[PDB]
Amino acid sequence: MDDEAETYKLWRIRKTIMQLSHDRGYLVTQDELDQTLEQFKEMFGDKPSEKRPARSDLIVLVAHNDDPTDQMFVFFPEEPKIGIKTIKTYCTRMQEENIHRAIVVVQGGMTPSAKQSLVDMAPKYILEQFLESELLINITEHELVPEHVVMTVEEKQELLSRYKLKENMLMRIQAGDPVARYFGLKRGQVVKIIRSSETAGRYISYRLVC
DNA sequence: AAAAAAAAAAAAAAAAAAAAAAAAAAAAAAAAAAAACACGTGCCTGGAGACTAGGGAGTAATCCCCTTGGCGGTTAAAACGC
């Protein structure tokens, strides 16, 4: 009961993580997007109690299409509460492979001391965190969520020059939004929202991450 | 006829339900500093190996002294009763 449900939720979480990596412009193959539950059972195992697969066994490294040295790690700790010891273990793994992006998927909780740790290690390495309950549902696949596109700084400058817009008088989106966490949006970026309009067909808006 | 005390008129003064946001108290886990039986390490004094040689214990023979065994005579000690 626990093994089958754990394997099912691990496969669903891995599929959600792979779709998140595909949505962020990273080098993602089609078979990992279309990995079935039986494919996950054959590749990794079906009994998570006896380490088949282990929580550290499933570790995902993905690369970017344009810049191959820009890569992301995905970490699955087994413990419910995350201390600074395992964060420092991931960090000591993280400098020795010369990569600036990783996401740790917590299970139960992750301490405010480690919150402050992730705050003050931020402008060298990006170490995002995610809850296991939030990664059982793809956010962008919902019918209430329109299309979100991350936009570069040159197109942002073109948007500011075309409409005579300033950044403080733009439409805003909080940095703690689940959509912004899904795309990994930082403060100062502008996301483009394409939605269906019943009076014009489709509409495009621009939101500032704050 | 003038001075003092009590009575009364006139004038000033105090006296309804609901919801969001913030402050606060009890609690509670996470993380960073001083103790403490036994472990790490080096030294040495006592434990261990070998040879000699001797003196204290085992073995053989004897005996006689001490120990065991029986049989009988009152008889004081024991047993029974009130």
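Shown above is the structure to which this text applies.
Residues numbered from 1 in each chain as written, not as in the entry; some residues may be left out. Chains lettered and ligands numbered in written order. Part of a larger assembly, values for the part shown. Heavy atoms only, no water. Residues with missing side-chain atoms left out of burial classes, pairs and counts.

J.: Mind laying out the sheet that holds strand β1 (residues 26-27), listing which residues take part and the relevant values?
T.: The 5 strands lie next to each other as β1-β2-β3-β5-β7, forming an open sheet whose pairing is mixed. At either margin of the open sheet sits one strand with a lone partner, and together these are β1 and β7 (126-131). Sheet topology note: the strand β3 (residues 71-75)/strand β5 (residues 101-106) ladder contains 3 bridges and is parallel. Across the sheet, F73 pairs through a bridge with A102, a residue of β5. Sheet contacts for helix α4 (residues 84-95): β3, β5 and β7; angle to β5, the most-contacted strand, approximately 155 degrees. (Pairing = 2+ DSSP bridges. Helix = DSSP H or I, 4+ residues; strand = E, 2+ residues; numbered from the N terminus. Contact = heavy atoms within 4.5 Å. Axes fitted to C-alpha atoms, helices over the stretch in contact; angles between N-to-C directions.)

J.: Any details on the packing of aromatic side chains? Residues and values, ideally.
T.: For the structure on display, the rule yields 5 aromatic pairs. Measuring from centroid to centroid gives 5.4 Å for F40 and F44, while their planes differ by 35 degrees, and the two rings are tilted. Members of the aromatic cluster, each reached through a chain of ring pairs, are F73, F75 and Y90. For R162, the ring lying beneath its charged end belongs to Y163, and the centroid distance is 4.4 Å. Against the face of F130 rests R181, its NZ or CZ located 4.6 Å from the ring centre. (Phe/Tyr/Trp six-rings, centres within 6.5 Å; stacked < 30°, edge-to-face > 60°. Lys NZ or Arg CZ within 6 Å of the ring centre and 35° of its normal.)

J.: I'd like to hear about α4, residue by residue, with values.
T.: Along its 12 residues, α4 runs 16 Å from first to last C-alpha, staying within 8% of the 16 Å computed at 1.5 Å per residue. Taken residue by residue, α4 has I87, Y90, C91 and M94 as its buried positions. The arc enclosing the buried residues of α4, seen along the axis, measures out at 105 degrees, which places them on a common side. Away from the buried face of α4 by more than 90 degrees, exposed residues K85 and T92 are located. In this fold, the buried residues of α4 make contact with β3, β4 (81-82), β5, α5 (112-120) and β7. (Expected span 1.5 Å × (residues − 1). Buried < 20%, exposed > 50% of the residue type's maximum accessible area, 1.4 Å probe, protein only. Arc of directions from axis to C-beta.)

J.: Describe the pattern of salt bridges, and please don't skip the residues or the numbers.
T.: In the structure shown here, the tally under the stated rule is 5 salt bridges. For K41, the salt bridge is made with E4, and the minimal N-O distance between the two is 2.5 Å. One end of the pair, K41, is in helix α3 (residues 37-43); the other, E4, is in helix α1 (residues 2-23), and 37 residues separate them in sequence. What makes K41 partly exposed here is its relative accessible area of 25%. On the basis of relative accessibility, which here comes to 38%, the residue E4 falls in the partly exposed class. (Salt bridge = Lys/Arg side-chain N within 4 Å of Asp/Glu carboxyl O.)

J.: So what's going on with the environment of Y203? Which residues, and what values?
T.: For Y203, the position within the fold is in strand β11 (residues 201-209). A residue is classified by how much of its surface remains accessible, and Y203, at 44% relative accessible area, is partly exposed.

J.: Break down the sheet that holds strand β10 (residues 190-197) for me, citing the residues and quoting the values.
T.: By definition, the strands of a sheet pair up through backbone hydrogen bonds, in either a parallel or an antiparallel sense. Judged by pairing direction, the sheet is mixed, and its 4 strands sit side by side in the order β8-β10-β11-β9 without closing on themselves. The sheet is open, and its two edges are formed by β8 (147-151) and β9 (171-173), each paired on a single side. Each neighbouring strand pair of the sheet contributes to a mean axis angle of 40 degrees, computed without reference to strand direction. Pairing analysis gives 5 bridges linking β8 to β10, with the strands arranged antiparallel. The partner of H148 across the bridge, within β10, is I193.

J.: Could you give an account of the nonpolar core, naming the residues involved and the relevant values?
T.: Membership of the largest hydrophobic core comes to 29 residues, with the highest contact counts inside it found for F76 and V105. Top element by residues in this core is α1. It accounts for 6 residues. In this structure, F76 is in contact with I13, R55, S56, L58, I59, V60, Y90 and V105, ignoring residues within four places of it in sequence. Judged by nonpolar contacts, the second largest core, of 17 residues, contains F73, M94, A114 and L127. (Core = buried A, V, L, I, M, F, W, Y, C linked by side-chain atoms within 4.5 Å.)

J.: I'd like a rundown of the side chain of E128, residues and numbers included.
T.: Counting through the fold element by element, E128 comes out in strand β7. Those residues in contact with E128, other than ones at most four positions away along the chain, are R24, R101, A102, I103, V104, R181 and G184.

J.: Tell me about the protein's contact with DNA strand B, and please be specific about residues and values.
T.: The local shell around DNA strand B consists of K81, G83, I84, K85, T111 and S113. Between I84 and DNA strand B, the recorded distance is 3.0 Å, taken from a backbone N or O atom to a phosphate oxygen. Within the contact set of DNA strand B, a phosphate oxygen lies 2.8 Å away from a side-chain nitrogen or oxygen of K85. Grouping the constituent residues of the surface near DNA strand B by class yields 1 nonpolar, 3 polar and 2 charged. (Near = heavy atom within 4 Å. Polar contact = N/O pair within 3.5 Å; in protein donor to acceptor, adjacent residues only side chain to side chain. Nonpolar A, V, L, I, M, F, W, Y, C, P; charged D, E, K, R; others polar.)

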